């Protein structure tokens, strides 16, 4: 089961945030790519994640945001003033909100949703997350159905819906340079969310890129090297002190 990572190179640092029911391995290759370019990167994990799915149900999205803020403060503790935040799916929503609470050099959202519509796509996915996990646990097929009929996700998925709506009303306060990344054929979020973000931030420096062959977990799909390179292009265009 995955764990956070910290790759120390130069003085320019990137904070990487994963998605709902994801973990650090979703952003690890991107961490290795940035390291080879000389960027330091740090990837925390939210509470309940990289763990049995019941742990998520005992948690709250409002904890998960603090895990992101603690990520930023950790980088600063370790000696890094100048930090870009880059976030995947839900993590992309957190990156937007984090920029309103800490000094960042820039923002990168990757397939970040706009709107707390948790029905349909988000619902079945939490269910499948527990299916393949209860399978990973080595549970017979008769068992997997038993604790599944005892899985109540309505609580957790509803705090998630409020949290997202709050952040949607906040996009108009974002000011820092931004790169919006969105997969064209997304089955999980509404890909029009990327247009909502690009059009409504108050940034003076913004950019949107579309990928025509990837899925929602874009950092591990077939076009990922292209996505890494466009992120690098963005980072090099900011005003690092060094």
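Residue numbers count along the first chain shown, from 1.
Engineer: Which of the two stretches, 164-172 or 146-154, shows the higher mean Cα temperature factor in the record?
Structural biologist: The stretch with the larger average C-alpha B-factor is 146-154.
Engineer: Of 42-50 and 55-63, which one has the bigger average CA B-factor?
Structural biologist: If you average the C-alpha B-factors of 55-63 and of 42-50, the larger mean comes out for 55-63.
Engineer: Select one of 199, 205, 184, 26: the residue whose C-alpha shows the highest B-factor in the crystal structure entry.
Structural biologist: Of the candidates given, the C-alpha B-factor peaks at 184.
Engineer: Just to confirm, going by the entry's C-alpha B-factors, which of 90, 83, 98, 121 comes out highest?
Structural biologist: By C-alpha B-factor in the record, 121 ranks first.
Engineer: Based on the deposited C-alpha B factors for this chain, I'd like to know if residue 194 is in the lowest, middle or highest third.
Structural biologist: According to the entry, residue 194 has a C-alpha B-factor in the chain's middle third.
Engineer: Sorting the chain's modelled residues by C-alpha B-factor, tell me whether residue 74 ends up in the lowest, middle or highest third.
Structural biologist: Middle third, going by the recorded CA B-factors of the chain.
Engineer: Looking at the temperature factor on the CA atom of residue 106, which third of the chain's modelled residues does it land in?
Structural biologist: CA B-factor rank for residue 106: lowest third.
Engineer: Taking the values exactly as deposited, rank residue 180 by C-alpha B-factor within its chain and report the matching third: lowest, middle or highest.
Structural biologist: Bottom third by C-alpha B-factor.
Engineer: Lowest, middle or highest third: where is residue 217 by Cα B-factor in its chain?
Structural biologist: Residue 217: CA B-factor falls in the middle third of its chain.
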